[PDB]
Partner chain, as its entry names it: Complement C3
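Only one chain comes next, encoded as structure tokens, the form deposited without the partner chain.
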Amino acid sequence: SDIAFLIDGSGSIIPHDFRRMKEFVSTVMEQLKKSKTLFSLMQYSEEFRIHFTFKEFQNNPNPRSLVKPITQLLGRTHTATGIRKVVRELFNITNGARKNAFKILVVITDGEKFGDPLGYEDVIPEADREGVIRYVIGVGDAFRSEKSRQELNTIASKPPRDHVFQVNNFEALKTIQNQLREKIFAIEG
């Protein structure tokens, strides 16, 4: 499986919480490790950081060492342009993406889209055609309404039930850690 992450780095995430998010990531890529997996990382705000590629991952397969030096971007929440990039750059053959492989994307964000030139309507479709599986994690009191959560469903594969996870704070991501790990295995064996 070609597995890629998209981490929210906007300015509303505090330095200690930005730090817990990074540990979650490192821990999970370990649990999901298998002799044929590849991981990829990208954080977004208004800027867009490609930390490691699938082909670079297989150059230094160290979840933890690779995740360690990552510093926060601090901008605004442009989630669609991010999704755009995951799809057009990371699942690109030149960046080591494998042809007969699965494509799973885990999206973690502590907020609603804002001041993004693109709409989810401009990106999802490209996402489905390329056959990408999206899981969504909505952290904080942002996705607190029968409304903002309505963003999570829009981002995520269907049925919405199985692809969305929302947790009250960054320190609680540990709770959904286990149930995620598994959904991701039923796609292969």
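Take the two forms, superpose them, and find the largest set of C-alpha atoms that agree within 1.5 Å; that set is the rigid core. Numbering follows the first chain given and starts at 1.
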- Query: Taking RMS over all structures and residues, which stretch has CA atoms farther from the shown form in 5 other deposited structures of this protein, 62-70 or 138-146, after a rigid core fit?
  - Reply: 138-146
- Higher-deviation segment by CA RMS in 5 other deposited structures of this protein, core fitted, 6-14 or 169-177: 169-177
- Message: Quick check on the record: does 135-143 or 150-158 carry the larger mean Cα temperature factor?
- Response: 135-143
- Query: Out of 2-10 and 180-188, which one has CA B-factors that are higher on average in the deposited record?
  - Reply: 180-188
- Message: Ranking every modelled residue in this chain by its Cα temperature factor as given in the entry, which third contains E30?
- Response: highest
- Task: Taking the chain's C-alpha temperature factors as the reference, tell me which third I93 falls into: lowest, middle or highest.
- Result: highest
- Quick one: classify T77 as lowest, middle or highest third of the chain based on its Cα B-factor. middle
- Query: Considering only modelled residues of the same chain, in which third does the CA B-factor of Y120 rank: lowest, middle or highest?
  - Reply: lowest
- Sorting the chain's modelled residues by C-alpha B-factor and splitting them into thirds places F18 in the middle
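What follows is about the form solved in complex with the partner chain, which we do not show.
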- Message: Check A101 for me: does it contact the partner chain in the entry with it bound (non-hydrogen atoms, 4.5 angstroms)?
- Response: no
- Message: Can you work out whether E47 and the partner chain are in contact in the entry with it bound, taking contact to mean some heavy atom pair no more than 4.5 Å apart?
- Response: yes
- Taking the shortest heavy atom distance, is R144 within 4.5 Å of the partner chain in the entry with it bound? yes
- Query: Though only this chain appears here, would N178 touch the partner chain in the entry with it bound if you measure heavy atom gaps against 4.5 Å?
  - Reply: no
- Enumerate the residues of 61-77 that have a non-hydrogen atom within 4.5 Å of the partner chain in the entry with it bound, in sequence order, or give none. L73, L74, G75, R76, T77
